[PDB]
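The chain below stands alone and is given in C-alpha cells; this is the form deposited in one PDB entry.
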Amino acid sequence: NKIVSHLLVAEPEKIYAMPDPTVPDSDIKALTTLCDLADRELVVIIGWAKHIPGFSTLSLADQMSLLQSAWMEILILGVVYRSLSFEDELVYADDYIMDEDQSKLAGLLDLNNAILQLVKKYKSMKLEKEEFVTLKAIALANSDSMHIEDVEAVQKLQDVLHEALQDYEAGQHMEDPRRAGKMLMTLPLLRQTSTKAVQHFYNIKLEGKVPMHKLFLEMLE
C-alpha cells in the first residue's frame, strides 16, 4: 500500500469554480467559467506532479513532455471522479455541475456524453480513491509524448505505478484477478475523451497567446 498511500497523501485540496450569478448563463459564460477553472487546476497539477514518486528526478525537458501530454486527461480524470455520486451530470467543481441541457448549451454535449461513459464505467465497477489516485498518476506516465529524453527512465515510472496497481489490486481485491487489466483498459476511453477535448479546445481558439509548453516550464520553476 506504499505508493498508493503516498499517491493518496499527495492529492490537492478542492479548488472552486465560482461562476458569476450576475451573468446570465450562456455559451460564453460556461466557457469563461471553465477556462478560469482549468487554469487554476493546472497550477495545482504542476504542484501535484512534483510529488509523483520519481517525477522530480527526470529532465525538466521531460517533465514538460508529460504534463503537456497528460494535462487534459488529468483534468478530465478529476472531473470524472467528482461525478460518480451524481446522475448524468459532470461535477467540474463542487459549486459547478453541468447536466445534459447545460452541456448542449455550452457546445459540449458530444464531448460530455463521452466523459459520462467514463463516469458510468467506473461506477459500474465501484472504483476506489486508491484506484483513482493510482490510475490518475498512470495516465500522466503513459501519455505517449512524441519526444522523451530518457525513454528508459519513463518506462521505470510506468513500471512502478504499474506494479503499485497490481500489488494493490492483488491485495485489497482478490475477488477479481483480471481487475487491474480492467482498470488499465479504461485508459483508452480516457485518451479519446482527452484527444477530442484537446481538438475542440483549439477549434474555438482557447490556447491564448503563450504556448502551453511555455507556461508549463515557468510553473515547474
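All residue numbers are counted from 1 along the displayed sequence. Residues that one form lacks are left out of the comparison. We call the rigid core the largest set of C-alpha positions that still match within 1.5 Å between the two forms.
Keep in mind the form solved in complex with a partner chain is missing from the figure; the text below concerns it.
K.L.:
Though its partner chain is not shown, can you say which of 52, 30, 38, 46 has a heavy atom within 4.5 Å of it in the deposited complex?
P.N.:
Among 52, 30, 38, 46, a heavy atom within 4.5 Å of its partner chain in the deposited complex occurs only for 46.
K.L.:
Is it the case that 63, 67 and 218 all touch its partner chain in the deposited complex, with a non-hydrogen atom of each within 4.5 angstroms?
P.N.:
Contact check passed for all of 63, 67 and 218.
K.L.:
Can residue 214 be called a contact residue for its partner chain in the deposited complex at 4.5 Å between heavy atoms?
P.N.:
Contact with its partner chain, yes.
K.L.:
Using a core superposition, identify the member of 18, 10, 198, 212 whose Cα displacement between this form and the one not shown reaches 2 Å or more.
P.N.:
One residue passes the 2 Å cut-off, namely 212.
K.L.:
Pin down for me whether the residue 135-residue 211 Cα distance shrinks or grows in the deposited complex relative to this form (closer or farther, change of 3 Å or more).
P.N.:
Residues separate in the deposited complex, at least 3 Å farther apart.
K.L.:
Comparing against this form, do residue 209 and residue 46 have their CA atoms pulled together or pushed apart in the deposited complex? The difference is 3 Å or more.
P.N.:
Farther apart, by at least 3 Å.
K.L.:
If you overlay the rigid core, what runs of at least 3 residues show Cα shifts of 2 angstroms or more between this form and the one not shown?
P.N.:
The segment that shifts (3 or more residues, C-alpha shift of 2 Å or more) is 206-221 alone.
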